[PDB]
Every structure is written in C-alpha cells, then in structure tokens.
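The data block below is target-v4.pdb; it holds PDB, C-alpha atoms and all ligand atoms.
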```pdb
ATOM      1  CA  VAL P   1       8.890 -15.542   5.369
ATOM      2  CA  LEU P   2       6.995 -18.414   7.039
ATOM      3  CA  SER P   3       5.252 -18.157  10.413
ATOM      4  CA  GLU P   4       6.352 -20.336  13.318
ATOM      5  CA  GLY P   5       3.183 -22.446  12.870
ATOM      6  CA  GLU P   6       3.951 -23.006   9.180
ATOM      7  CA  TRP P   7       7.517 -24.060  10.069
ATOM      8  CA  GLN P   8       6.031 -26.461  12.600
ATOM      9  CA  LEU P   9       3.842 -28.095   9.940
ATOM     10  CA  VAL P  10       6.866 -28.363   7.604
ATOM     11  CA  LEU P  11       8.968 -30.021  10.304
ATOM     12  CA  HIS P  12       6.105 -32.244  11.522
ATOM     13  CA  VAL P  13       5.818 -33.905   8.136
ATOM     14  CA  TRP P  14       9.579 -33.921   7.673
ATOM     15  CA  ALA P  15       9.957 -36.103  10.789
ATOM     16  CA  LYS P  16       7.693 -38.599   9.001
ATOM     17  CA  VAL P  17      10.068 -38.474   6.047
ATOM     18  CA  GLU P  18      13.010 -39.195   8.376
ATOM     19  CA  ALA P  19      11.376 -42.461   9.448
ATOM     20  CA  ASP P  20      12.445 -43.827   6.001
ATOM     21  CA  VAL P  21      14.675 -41.351   4.174
ATOM     22  CA  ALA P  22      15.814 -43.908   1.581
ATOM     23  CA  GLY P  23      12.263 -44.964   0.674
ATOM     24  CA  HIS P  24      11.034 -41.387   0.338
ATOM     25  CA  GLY P  25      14.090 -40.424  -1.683
ATOM     26  CA  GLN P  26      13.553 -43.303  -4.072
ATOM     27  CA  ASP P  27       9.876 -42.377  -4.530
ATOM     28  CA  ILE P  28      10.704 -38.686  -5.052
ATOM     29  CA  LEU P  29      13.460 -39.219  -7.624
ATOM     30  CA  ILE P  30      11.447 -41.840  -9.535
ATOM     31  CA  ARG P  31       8.460 -39.489  -9.592
ATOM     32  CA  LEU P  32      10.700 -36.663 -10.880
ATOM     33  CA  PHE P  33      12.178 -38.784 -13.674
ATOM     34  CA  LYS P  34       8.746 -40.118 -14.664
ATOM     35  CA  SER P  35       7.050 -36.692 -14.620
ATOM     36  CA  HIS P  36       9.971 -34.882 -16.325
ATOM     37  CA  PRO P  37      12.157 -37.293 -18.304
ATOM     38  CA  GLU P  38      14.412 -34.459 -19.445
ATOM     39  CA  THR P  39      15.735 -34.108 -15.881
ATOM     40  CA  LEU P  40      17.331 -37.520 -16.268
ATOM     41  CA  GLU P  41      19.657 -35.945 -18.850
ATOM     42  CA  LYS P  42      21.480 -33.893 -16.167
ATOM     43  CA  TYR P  43      22.743 -37.240 -14.855
ATOM     44  CA  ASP P  44      25.150 -38.919 -17.208
ATOM     45  CA  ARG P  45      24.063 -41.721 -19.550
ATOM     46  CA  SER P  46      25.607 -44.327 -17.184
ATOM     47  CA  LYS P  47      22.158 -44.537 -15.551
ATOM     48  CA  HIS P  48      19.109 -43.877 -17.702
ATOM     49  CA  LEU P  49      17.619 -46.966 -16.087
ATOM     50  CA  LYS P  50      14.783 -48.206 -18.252
ATOM     51  CA  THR P  51      12.123 -49.619 -15.876
ATOM     52  CA  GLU P  52      10.628 -48.655 -12.541
ATOM     53  CA  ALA P  53      11.824 -51.928 -10.972
ATOM     54  CA  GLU P  54      15.401 -51.166 -12.094
ATOM     55  CA  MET P  55      15.145 -47.725 -10.522
ATOM     56  CA  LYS P  56      13.894 -49.196  -7.214
ATOM     57  CA  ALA P  57      16.687 -51.788  -7.270
ATOM     58  CA  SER P  58      19.379 -49.171  -7.895
ATOM     59  CA  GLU P  59      21.609 -48.786  -4.869
ATOM     60  CA  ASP P  60      23.169 -45.719  -6.561
ATOM     61  CA  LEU P  61      19.769 -44.043  -6.916
ATOM     62  CA  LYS P  62      18.744 -44.912  -3.334
ATOM     63  CA  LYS P  63      21.994 -43.547  -1.875
ATOM     64  CA  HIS P  64      21.579 -40.384  -3.917
ATOM     65  CA  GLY P  65      17.978 -39.864  -2.724
ATOM     66  CA  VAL P  66      19.296 -39.986   0.840
ATOM     67  CA  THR P  67      21.978 -37.418   0.014
ATOM     68  CA  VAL P  68      19.344 -35.087  -1.553
ATOM     69  CA  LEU P  69      16.781 -35.353   1.240
ATOM     70  CA  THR P  70      19.456 -35.030   3.965
ATOM     71  CA  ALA P  71      20.631 -31.743   2.468
ATOM     72  CA  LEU P  72      17.050 -30.477   2.053
ATOM     73  CA  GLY P  73      16.156 -31.552   5.590
ATOM     74  CA  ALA P  74      19.179 -29.694   6.969
ATOM     75  CA  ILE P  75      17.965 -26.583   5.133
ATOM     76  CA  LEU P  76      14.334 -26.877   6.232
ATOM     77  CA  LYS P  77      15.318 -27.275   9.897
ATOM     78  CA  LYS P  78      17.079 -23.878   9.764
ATOM     79  CA  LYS P  79      13.626 -22.299   9.190
ATOM     80  CA  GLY P  80      14.932 -19.828   6.631
ATOM     81  CA  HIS P  81      18.287 -19.167   8.378
ATOM     82  CA  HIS P  82      20.001 -21.343   5.799
ATOM     83  CA  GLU P  83      22.696 -19.265   4.002
ATOM     84  CA  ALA P  84      25.509 -21.559   5.209
ATOM     85  CA  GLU P  85      23.714 -24.733   4.097
ATOM     86  CA  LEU P  86      22.441 -23.277   0.838
ATOM     87  CA  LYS P  87      25.631 -21.681  -0.538
ATOM     88  CA  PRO P  88      27.555 -24.959  -1.246
ATOM     89  CA  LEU P  89      24.380 -26.400  -2.792
ATOM     90  CA  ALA P  90      24.011 -23.377  -5.096
ATOM     91  CA  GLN P  91      27.728 -23.530  -5.976
ATOM     92  CA  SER P  92      27.546 -27.138  -7.191
ATOM     93  CA  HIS P  93      24.138 -26.877  -8.852
ATOM     94  CA  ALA P  94      24.828 -23.652 -10.751
ATOM     95  CA  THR P  95      28.408 -24.190 -11.836
ATOM     96  CA  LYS P  96      28.791 -27.995 -12.069
ATOM     97  CA  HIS P  97      25.397 -29.691 -12.440
ATOM     98  CA  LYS P  98      23.743 -26.683 -14.164
ATOM     99  CA  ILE P  99      20.254 -27.204 -12.732
ATOM    100  CA  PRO P 100      17.735 -24.494 -13.740
ATOM    101  CA  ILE P 101      15.235 -23.205 -11.225
ATOM    102  CA  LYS P 102      12.561 -24.857 -13.433
ATOM    103  CA  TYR P 103      13.996 -28.271 -12.481
ATOM    104  CA  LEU P 104      13.911 -27.306  -8.803
ATOM    105  CA  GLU P 105      10.215 -26.571  -9.288
ATOM    106  CA  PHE P 106       9.871 -30.053 -10.789
ATOM    107  CA  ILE P 107      11.538 -31.772  -7.812
ATOM    108  CA  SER P 108       9.510 -29.614  -5.385
ATOM    109  CA  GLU P 109       6.365 -30.852  -7.129
ATOM    110  CA  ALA P 110       7.646 -34.438  -6.764
ATOM    111  CA  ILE P 111       8.350 -33.899  -3.052
ATOM    112  CA  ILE P 112       4.828 -32.562  -2.521
ATOM    113  CA  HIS P 113       3.374 -35.497  -4.486
ATOM    114  CA  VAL P 114       5.180 -38.182  -2.464
ATOM    115  CA  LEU P 115       4.446 -36.459   0.877
ATOM    116  CA  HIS P 116       0.766 -36.351   0.080
ATOM    117  CA  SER P 117       0.721 -39.938  -1.208
ATOM    118  CA  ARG P 118       2.413 -41.316   1.922
ATOM    119  CA  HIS P 119       1.204 -38.995   4.684
ATOM    120  CA  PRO P 120      -2.222 -37.583   3.780
ATOM    121  CA  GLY P 121      -3.343 -37.275   7.415
ATOM    122  CA  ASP P 122      -0.266 -35.179   8.219
ATOM    123  CA  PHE P 123      -0.285 -33.308   4.882
ATOM    124  CA  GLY P 124      -3.622 -31.561   4.538
ATOM    125  CA  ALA P 125      -4.135 -28.182   2.955
ATOM    126  CA  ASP P 126      -2.422 -26.036   5.599
ATOM    127  CA  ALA P 127       0.616 -28.352   5.721
ATOM    128  CA  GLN P 128       0.771 -28.493   1.927
ATOM    129  CA  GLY P 129       0.656 -24.688   1.893
ATOM    130  CA  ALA P 130       3.454 -24.453   4.448
ATOM    131  CA  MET P 131       5.692 -26.932   2.596
ATOM    132  CA  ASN P 132       4.970 -25.062  -0.651
ATOM    133  CA  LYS P 133       6.055 -21.804   1.018
ATOM    134  CA  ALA P 134       9.200 -23.444   2.409
ATOM    135  CA  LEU P 135      10.218 -24.815  -1.003
ATOM    136  CA  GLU P 136       9.360 -21.468  -2.690
ATOM    137  CA  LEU P 137      11.740 -19.757  -0.243
ATOM    138  CA  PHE P 138      14.424 -22.384  -0.953
ATOM    139  CA  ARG P 139      14.075 -21.811  -4.704
ATOM    140  CA  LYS P 140      14.088 -18.007  -4.369
ATOM    141  CA  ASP P 141      17.194 -17.923  -2.198
ATOM    142  CA  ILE P 142      19.020 -20.439  -4.376
ATOM    143  CA  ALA P 143      18.168 -18.433  -7.536
ATOM    144  CA  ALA P 144      19.726 -15.355  -5.915
ATOM    145  CA  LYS P 145      22.880 -17.382  -5.081
ATOM    146  CA  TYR P 146      22.940 -18.719  -8.656
ATOM    147  CA  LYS P 147      22.992 -15.174 -10.028
ATOM    148  CA  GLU P 148      25.701 -14.187  -7.550
ATOM    149  CA  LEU P 149      27.824 -16.947  -9.134
ATOM    150  CA  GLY P 150      26.952 -15.762 -12.643
ATOM    151  CA  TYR P 151      24.365 -18.480 -13.497
ATOM    152  CA  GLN P 152      21.041 -17.172 -14.818
ATOM    153  CA  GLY P 153      19.083 -20.136 -13.483
TER     154      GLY P 153
HETATM  155  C1  LIG L   1      15.619 -30.257  -3.290
HETATM  156  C2  LIG L   1      16.442 -30.168  -4.333
HETATM  157  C3  LIG L   1      17.854 -30.697  -4.393
HETATM  158  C4  LIG L   1      18.786 -30.882  -3.257
HETATM  159  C5  LIG L   1      18.656 -30.627  -1.787
HETATM  160  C6  LIG L   1      19.958 -31.459  -3.953
HETATM  161  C7  LIG L   1      21.190 -31.803  -3.299
HETATM  162  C8  LIG L   1      22.282 -32.524  -3.926
HETATM  163  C9  LIG L   1      23.373 -32.962  -3.042
HETATM  164  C10 LIG L   1      23.524 -32.795  -1.550
HETATM  165  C11 LIG L   1      24.259 -33.625  -3.988
HETATM  166  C12 LIG L   1      25.580 -34.255  -3.729
HETATM  167  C13 LIG L   1      26.474 -33.027  -3.451
HETATM  168  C14 LIG L   1      26.481 -31.923  -4.511
HETATM  169  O1  LIG L   1      27.026 -32.065  -5.596
HETATM  170  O2  LIG L   1      25.918 -30.739  -4.296
HETATM  171  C15 LIG L   1      23.576 -33.439  -5.274
HETATM  172  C16 LIG L   1      24.172 -34.038  -6.456
HETATM  173  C17 LIG L   1      23.631 -33.899  -7.782
HETATM  174  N1  LIG L   1      22.510 -33.251  -8.020
HETATM  175 FE1  LIG L   1      21.115 -32.267  -6.799
HETATM  176  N2  LIG L   1      19.807 -31.573  -5.278
HETATM  177  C18 LIG L   1      18.426 -31.209  -5.687
HETATM  178  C19 LIG L   1      18.088 -30.660  -7.041
HETATM  179  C20 LIG L   1      18.476 -31.424  -8.260
HETATM  180  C21 LIG L   1      17.677 -31.492  -9.530
HETATM  181  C22 LIG L   1      16.341 -30.879  -9.770
HETATM  182  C23 LIG L   1      18.549 -32.312 -10.396
HETATM  183  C24 LIG L   1      18.372 -32.819 -11.782
HETATM  184  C25 LIG L   1      17.351 -32.438 -12.506
HETATM  185  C26 LIG L   1      19.720 -32.611  -9.565
HETATM  186  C27 LIG L   1      20.843 -33.449  -9.989
HETATM  187  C28 LIG L   1      22.192 -33.106  -9.472
HETATM  188  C29 LIG L   1      23.296 -33.906 -10.033
HETATM  189  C30 LIG L   1      23.285 -34.029 -11.539
HETATM  190  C31 LIG L   1      24.268 -34.370  -9.031
HETATM  191  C32 LIG L   1      25.504 -35.196  -9.179
HETATM  192  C33 LIG L   1      24.978 -36.638  -9.039
HETATM  193  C34 LIG L   1      26.170 -37.542  -9.211
HETATM  194  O3  LIG L   1      26.928 -37.843  -8.165
HETATM  195  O4  LIG L   1      26.460 -37.975 -10.317
HETATM  196  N3  LIG L   1      19.638 -32.140  -8.296
HETATM  197  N4  LIG L   1      22.342 -32.888  -5.229
HETATM  198  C1  LIG L   2      23.957 -40.315  -8.609
HETATM  199  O1  LIG L   2      23.271 -41.545  -8.884
HETATM  200  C2  LIG L   2      22.032 -41.567  -9.488
HETATM  201  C3  LIG L   2      21.198 -40.464  -9.402
HETATM  202  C4  LIG L   2      19.952 -40.513 -10.022
HETATM  203  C5  LIG L   2      19.514 -41.630 -10.729
HETATM  204  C6  LIG L   2      20.309 -42.757 -10.844
HETATM  205  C7  LIG L   2      21.560 -42.767 -10.241
HETATM  206  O2  LIG L   2      22.338 -43.879 -10.357
END
```
What would you get if you wrote out this structure as structure tokens?
Ligand code: HEM
Ligand SMILES: COc1ccccc1O
Amino acid sequence: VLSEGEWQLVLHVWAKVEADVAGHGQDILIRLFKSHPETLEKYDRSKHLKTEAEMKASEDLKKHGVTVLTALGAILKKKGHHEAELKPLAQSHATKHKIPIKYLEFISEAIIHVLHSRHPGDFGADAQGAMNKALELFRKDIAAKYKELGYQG
C-alpha cells in the first residue's frame, strides 16, 4: 500500500506523461523492444520492424503506446482501488496475449527509464520509489488475477 504522498508523486509525474502520451508511449515500447527483444515475439511477425526510425514512424506502434499508457494511467489514478480496471487487462494478458509477470517487470523498467530520461527534475529518488511501488502493486495484483484465471504468470 502506498501513502497519499507517494500517490501524489506518481500522479505528478503522470500528468507530465499526459502532456504527450503518444511520444512517451513510443519511447517506452521502443525501449522495451530494444532492452528485451524477446518481448517483440508476443506481437505477431507482421511487425518486427527492423530499425529505430521504422519504429518511430509506425502509426500502429504509436497508437498502441497510447492504448497501453491510457490503460495504465486509468489504473494509477485509482490509487490502488483498481479491481474494475485491472480485471479486463488480466483477462486479455493471461488468456490471449500470454504475458508473463517477467515481461511486466521489463515494461515497468522501460517506463521508469523513459520517465527519468524525460522528467529528471520531477522524477528524483522519492518519485522513482513511489512509481516503483505503484508498478509493483500493479504487477502483484495482476499476478493474483492471472492465477484466478488459471495462468501461472
Ligand atoms: C503496463 C503494462 C501494460 C498495459 C497497461 C497494457 C495494456 C494493453 C491494452 C489496453 C491493450 C489493448 C487491449 C487488450 O487487449 O487488453 C493491450 C494489447 C496487447 N498487449 Fe499489453 N499492456 C501492457 C503489458 C504488455 C507487455 C509486457 C507485452 C509484450 C511483451 C504486451 C503486449 C500485448 C499484446 C501482444 C497486445 C495485442 C496487440 C495487438 O493489437 O496486436 N503488453 N495491452
Ligand atoms: C499493436 O501494434 C504494434 C504493437 C507493438 C509494436 C508494433 C506494432 O505495430
């Protein structure tokens, strides 16, 4: 459980993200695919774009980054009271996309990386610690939902 002050640091930097959701989403997904190429296998071969410039030019990738960050932002704004937002996400990611918790740790690391790269003055140690706690809680609760659906994460 996060304190109210930790939630405030999470949501303070998230408002910075919302100034350019598409740009952040592009940076986060490109960082994920570069840091962990295997994650690009969960998306079908139709992509597997070969260069960074192709990734940045991809309207499909940009639109998807917005979809991802919008869902995460909706969850974060619930400050832990997120069962109703999290359940459909767990359903699709356990039973259709088959995304292990390990991959959620990878994308959390990418989120942290891009937030620090773009917003260092609003993402010092206490804000990094609060975002880390928020994403840990997200991953814990989604793992529990995964198991409830029969997916061992
Ligand atoms: C913060 C973490 C994440 C959030 C909030 C998120 C959310 C979503 C949302 C809202 C969609 C569209 C609706 C749906 O099917 O549920 C989606 C699609 C998808 N997501 Fe995730 N997701 C993340 C974790 C991941 C990771 C780590 C991978 C791959 C390693 C992944 C790849 C999947 C795939 C494969 C689709 C279908 C894409 C397509 O339309 O072809 N996601 N995601
Ligand atoms: C769903 O579309 C994409 C997601 C991630 C990377 C490239 C894409 O076209």
Among the residues P:19, P:30, P:101, P:40, the one that comes closest to residue P:54 [using all atoms listed in the file]: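 Under the stated criterion, the closest residue is P:30.
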Using all atoms listed in the file, find each residue with an atom at most 7 Å away from ligand LIG 1 (chain L) and format the answer as a PyMOL selection string. chain P and resi 39-40+42-43+67-69+71-72+88-89+92-93+97+99+103-104+106-108
To verify the selection step, state as an NGL selection string which residues the PyMOL selection byres (((not hetatm)) within 12 of (chain L and resi 2)) yields on this input. :P and (25-34 or 37 or 39-52 or 54-68 or 97)
Would you save the residues from that selection as a short mmCIF file (atom, residue, chain, number, x, y, z; two decimals), in the coordinates of the input, using C-alpha atoms?
```
data_model
loop_
_atom_site.label_atom_id
_atom_site.label_comp_id
_atom_site.auth_asym_id
_atom_site.auth_seq_id
_atom_site.Cartn_x
_atom_site.Cartn_y
_atom_site.Cartn_z
CA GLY P 25 14.09 -40.42 -1.68
CA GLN P 26 13.55 -43.30 -4.07
CA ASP P 27 9.88 -42.38 -4.53
CA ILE P 28 10.70 -38.69 -5.05
CA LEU P 29 13.46 -39.22 -7.62
CA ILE P 30 11.45 -41.84 -9.54
CA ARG P 31 8.46 -39.49 -9.59
CA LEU P 32 10.70 -36.66 -10.88
CA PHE P 33 12.18 -38.78 -13.67
CA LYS P 34 8.75 -40.12 -14.66
CA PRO P 37 12.16 -37.29 -18.30
CA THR P 39 15.74 -34.11 -15.88
CA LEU P 40 17.33 -37.52 -16.27
CA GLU P 41 19.66 -35.94 -18.85
CA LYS P 42 21.48 -33.89 -16.17
CA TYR P 43 22.74 -37.24 -14.86
CA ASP P 44 25.15 -38.92 -17.21
CA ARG P 45 24.06 -41.72 -19.55
CA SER P 46 25.61 -44.33 -17.18
CA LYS P 47 22.16 -44.54 -15.55
CA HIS P 48 19.11 -43.88 -17.70
CA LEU P 49 17.62 -46.97 -16.09
CA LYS P 50 14.78 -48.21 -18.25
CA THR P 51 12.12 -49.62 -15.88
CA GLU P 52 10.63 -48.66 -12.54
CA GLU P 54 15.40 -51.17 -12.09
CA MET P 55 15.14 -47.72 -10.52
CA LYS P 56 13.89 -49.20 -7.21
CA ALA P 57 16.69 -51.79 -7.27
CA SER P 58 19.38 -49.17 -7.90
CA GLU P 59 21.61 -48.79 -4.87
CA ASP P 60 23.17 -45.72 -6.56
CA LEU P 61 19.77 -44.04 -6.92
CA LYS P 62 18.74 -44.91 -3.33
CA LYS P 63 21.99 -43.55 -1.88
CA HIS P 64 21.58 -40.38 -3.92
CA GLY P 65 17.98 -39.86 -2.72
CA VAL P 66 19.30 -39.99 0.84
CA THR P 67 21.98 -37.42 0.01
CA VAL P 68 19.34 -35.09 -1.55
CA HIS P 97 25.40 -29.69 -12.44
#
```
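Between residue P:111 and the candidates P:86, P:142, P:13, P:75, the tightest atom-to-atom separation, counting only C-alpha atoms, involves P:13.
Near residue P:136, within 9 Å and counting only C-alpha atoms, sit residues 105, 108, 131 and 141 of chain P; same-chain residues fewer than 5 positions away were not included.
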Can you pull out the residues contacting residue P:146? Cut-off 6 Å, using all atoms listed in the file, and skip same-chain residues under 3 positions away; I want them as a PyMOL selection string. chain P and resi 90+94+143+149+151
For the selection just defined, write its residues with C-alpha atoms to a file, as a PDB file, keeping the file's coordinate frame.
```
ATOM      1  CA  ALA P  90      24.011 -23.377  -5.096  1.00  0.00           C
ATOM      2  CA  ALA P  94      24.828 -23.652 -10.751  1.00  0.00           C
ATOM      3  CA  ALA P 143      18.168 -18.433  -7.536  1.00  0.00           C
ATOM      4  CA  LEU P 149      27.824 -16.947  -9.134  1.00  0.00           C
ATOM      5  CA  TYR P 151      24.365 -18.480 -13.497  1.00  0.00           C
TER       6      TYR P 151
END
```
For residue P:12, which of P:100, P:121, P:80, P:150 is the closest residue, counting all atoms listed in the file?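 Residue with the minimum atom-to-atom distance to residue P:12: P:121.
Taking atom CA of residue P:79 and atom CA of residue P:134 as the two end points, the separation is 8.2 Å.
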Interatomic distance, atom CA of residue P:7 to atom CA of residue P:127 (Å, one decimal): 9.2 Å
Given the file above and the PyMOL selection byres (((chain P and resi 10) around 10) and not hetatm), which residues are selected, and can you give them as number ranges by chain? P: 2, 4-9, 11-15, 76-77, 79, 122-123, 126-135
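Here atom CA of residue P:73 stands at a distance of 15.3 Å from atom CA of residue P:110.
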Would you mind telling me which residue in P:145, P:16, P:95, P:1 lies nearest to residue P:119 when using only C-alpha atoms? P:16
Could you get me a file of stretch 110-136 of chain P with N, CA, C and O atoms, as a PDB file, in the first residue's frame, taken from the block above?
```
ATOM      1  N   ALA P 110      11.135  -0.182 -18.394  1.00  0.00           N
ATOM      2  CA  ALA P 110      11.158   0.777 -19.513  1.00  0.00           C
ATOM      3  C   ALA P 110      10.427   2.076 -19.161  1.00  0.00           C
ATOM      4  O   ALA P 110      10.883   3.181 -19.509  1.00  0.00           O
ATOM      5  N   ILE P 111       9.279   1.956 -18.488  1.00  0.00           N
ATOM      6  CA  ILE P 111       8.539   3.131 -18.041  1.00  0.00           C
ATOM      7  C   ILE P 111       9.414   3.999 -17.149  1.00  0.00           C
ATOM      8  O   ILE P 111       9.518   5.220 -17.341  1.00  0.00           O
ATOM      9  N   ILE P 112      10.018   3.389 -16.127  1.00  0.00           N
ATOM     10  CA  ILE P 112      10.918   4.118 -15.242  1.00  0.00           C
ATOM     11  C   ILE P 112      12.039   4.789 -16.044  1.00  0.00           C
ATOM     12  O   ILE P 112      12.368   5.951 -15.821  1.00  0.00           O
ATOM     13  N   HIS P 113      12.644   4.060 -16.975  1.00  0.00           N
ATOM     14  CA  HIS P 113      13.740   4.628 -17.765  1.00  0.00           C
ATOM     15  C   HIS P 113      13.308   5.882 -18.541  1.00  0.00           C
ATOM     16  O   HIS P 113      14.012   6.905 -18.555  1.00  0.00           O
ATOM     17  N   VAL P 114      12.168   5.807 -19.219  1.00  0.00           N
ATOM     18  CA  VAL P 114      11.737   6.938 -20.046  1.00  0.00           C
ATOM     19  C   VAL P 114      11.326   8.119 -19.166  1.00  0.00           C
ATOM     20  O   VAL P 114      11.641   9.284 -19.471  1.00  0.00           O
ATOM     21  N   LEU P 115      10.632   7.843 -18.046  1.00  0.00           N
ATOM     22  CA  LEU P 115      10.265   8.909 -17.110  1.00  0.00           C
ATOM     23  C   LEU P 115      11.487   9.635 -16.578  1.00  0.00           C
ATOM     24  O   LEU P 115      11.483  10.874 -16.422  1.00  0.00           O
ATOM     25  N   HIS P 116      12.536   8.880 -16.247  1.00  0.00           N
ATOM     26  CA  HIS P 116      13.712   9.554 -15.738  1.00  0.00           C
ATOM     27  C   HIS P 116      14.441  10.310 -16.839  1.00  0.00           C
ATOM     28  O   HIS P 116      14.985  11.394 -16.596  1.00  0.00           O
ATOM     29  N   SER P 117      14.476   9.752 -18.047  1.00  0.00           N
ATOM     30  CA  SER P 117      15.146  10.423 -19.161  1.00  0.00           C
ATOM     31  C   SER P 117      14.476  11.741 -19.509  1.00  0.00           C
ATOM     32  O   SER P 117      15.160  12.727 -19.817  1.00  0.00           O
ATOM     33  N   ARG P 118      13.137  11.778 -19.476  1.00  0.00           N
ATOM     34  CA  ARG P 118      12.397  12.961 -19.912  1.00  0.00           C
ATOM     35  C   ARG P 118      12.105  13.946 -18.799  1.00  0.00           C
ATOM     36  O   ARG P 118      12.033  15.156 -19.054  1.00  0.00           O
ATOM     37  N   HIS P 119      11.993  13.488 -17.559  1.00  0.00           N
ATOM     38  CA  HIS P 119      11.499  14.342 -16.484  1.00  0.00           C
ATOM     39  C   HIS P 119      12.353  14.235 -15.228  1.00  0.00           C
ATOM     40  O   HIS P 119      11.826  14.088 -14.124  1.00  0.00           O
ATOM     41  N   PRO P 120      13.670  14.401 -15.346  1.00  0.00           N
ATOM     42  CA  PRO P 120      14.526  14.140 -14.172  1.00  0.00           C
ATOM     43  C   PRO P 120      14.219  15.044 -12.986  1.00  0.00           C
ATOM     44  O   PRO P 120      14.296  14.586 -11.835  1.00  0.00           O
ATOM     45  N   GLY P 121      13.831  16.305 -13.228  1.00  0.00           N
ATOM     46  CA  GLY P 121      13.511  17.208 -12.144  1.00  0.00           C
ATOM     47  C   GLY P 121      12.222  16.883 -11.428  1.00  0.00           C
ATOM     48  O   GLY P 121      12.020  17.343 -10.300  1.00  0.00           O
ATOM     49  N   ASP P 122      11.342  16.110 -12.056  1.00  0.00           N
ATOM     50  CA  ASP P 122      10.113  15.646 -11.423  1.00  0.00           C
ATOM     51  C   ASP P 122      10.146  14.142 -11.174  1.00  0.00           C
ATOM     52  O   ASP P 122       9.094  13.518 -10.958  1.00  0.00           O
ATOM     53  N   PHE P 123      11.336  13.544 -11.202  1.00  0.00           N
ATOM     54  CA  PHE P 123      11.479  12.093 -11.047  1.00  0.00           C
ATOM     55  C   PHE P 123      12.777  11.779 -10.310  1.00  0.00           C
ATOM     56  O   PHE P 123      13.580  10.943 -10.726  1.00  0.00           O
ATOM     57  N   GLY P 124      12.971  12.432  -9.174  1.00  0.00           N
ATOM     58  CA  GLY P 124      14.075  12.121  -8.297  1.00  0.00           C
ATOM     59  C   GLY P 124      13.810  10.849  -7.525  1.00  0.00           C
ATOM     60  O   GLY P 124      12.856  10.110  -7.777  1.00  0.00           O
ATOM     61  N   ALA P 125      14.649  10.623  -6.512  1.00  0.00           N
ATOM     62  CA  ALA P 125      14.637   9.329  -5.833  1.00  0.00           C
ATOM     63  C   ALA P 125      13.286   9.009  -5.177  1.00  0.00           C
ATOM     64  O   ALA P 125      12.824   7.856  -5.230  1.00  0.00           O
ATOM     65  N   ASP P 126      12.663   9.980  -4.511  1.00  0.00           N
ATOM     66  CA  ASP P 126      11.407   9.661  -3.834  1.00  0.00           C
ATOM     67  C   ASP P 126      10.297   9.387  -4.852  1.00  0.00           C
ATOM     68  O   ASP P 126       9.476   8.480  -4.648  1.00  0.00           O
ATOM     69  N   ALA P 127      10.300  10.110  -5.982  1.00  0.00           N
ATOM     70  CA  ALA P 127       9.290   9.862  -7.009  1.00  0.00           C
ATOM     71  C   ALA P 127       9.559   8.546  -7.730  1.00  0.00           C
ATOM     72  O   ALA P 127       8.621   7.802  -8.065  1.00  0.00           O
ATOM     73  N   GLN P 128      10.829   8.240  -7.992  1.00  0.00           N
ATOM     74  CA  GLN P 128      11.156   6.929  -8.545  1.00  0.00           C
ATOM     75  C   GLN P 128      10.694   5.816  -7.615  1.00  0.00           C
ATOM     76  O   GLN P 128      10.154   4.802  -8.080  1.00  0.00           O
ATOM     77  N   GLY P 129      10.914   5.986  -6.300  1.00  0.00           N
ATOM     78  CA  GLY P 129      10.498   4.978  -5.344  1.00  0.00           C
ATOM     79  C   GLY P 129       8.991   4.816  -5.311  1.00  0.00           C
ATOM     80  O   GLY P 129       8.477   3.690  -5.247  1.00  0.00           O
ATOM     81  N   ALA P 130       8.263   5.926  -5.421  1.00  0.00           N
ATOM     82  CA  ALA P 130       6.801   5.839  -5.428  1.00  0.00           C
ATOM     83  C   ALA P 130       6.288   5.168  -6.706  1.00  0.00           C
ATOM     84  O   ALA P 130       5.385   4.320  -6.653  1.00  0.00           O
ATOM     85  N   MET P 131       6.831   5.541  -7.864  1.00  0.00           N
ATOM     86  CA  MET P 131       6.406   4.877  -9.102  1.00  0.00           C
ATOM     87  C   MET P 131       6.741   3.390  -9.064  1.00  0.00           C
ATOM     88  O   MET P 131       5.939   2.546  -9.510  1.00  0.00           O
ATOM     89  N   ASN P 132       7.918   3.044  -8.535  1.00  0.00           N
ATOM     90  CA  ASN P 132       8.310   1.646  -8.396  1.00  0.00           C
ATOM     91  C   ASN P 132       7.316   0.887  -7.525  1.00  0.00           C
ATOM     92  O   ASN P 132       6.908  -0.231  -7.867  1.00  0.00           O
ATOM     93  N   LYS P 133       6.896   1.491  -6.408  1.00  0.00           N
ATOM     94  CA  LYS P 133       5.882   0.870  -5.553  1.00  0.00           C
ATOM     95  C   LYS P 133       4.549   0.717  -6.277  1.00  0.00           C
ATOM     96  O   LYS P 133       3.862  -0.307  -6.127  1.00  0.00           O
ATOM     97  N   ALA P 134       4.155   1.737  -7.043  1.00  0.00           N
ATOM     98  CA  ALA P 134       2.881   1.670  -7.760  1.00  0.00           C
ATOM     99  C   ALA P 134       2.883   0.543  -8.776  1.00  0.00           C
ATOM    100  O   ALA P 134       1.899  -0.204  -8.888  1.00  0.00           O
ATOM    101  N   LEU P 135       3.967   0.426  -9.555  1.00  0.00           N
ATOM    102  CA  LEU P 135       4.082  -0.639 -10.549  1.00  0.00           C
ATOM    103  C   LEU P 135       4.255  -2.020  -9.898  1.00  0.00           C
ATOM    104  O   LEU P 135       3.711  -2.998 -10.411  1.00  0.00           O
ATOM    105  N   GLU P 136       4.964  -2.123  -8.759  1.00  0.00           N
ATOM    106  CA  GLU P 136       4.991  -3.372  -8.001  1.00  0.00           C
ATOM    107  C   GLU P 136       3.583  -3.818  -7.612  1.00  0.00           C
ATOM    108  O   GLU P 136       3.245  -5.010  -7.710  1.00  0.00           O
TER     109      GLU P 136
END
```
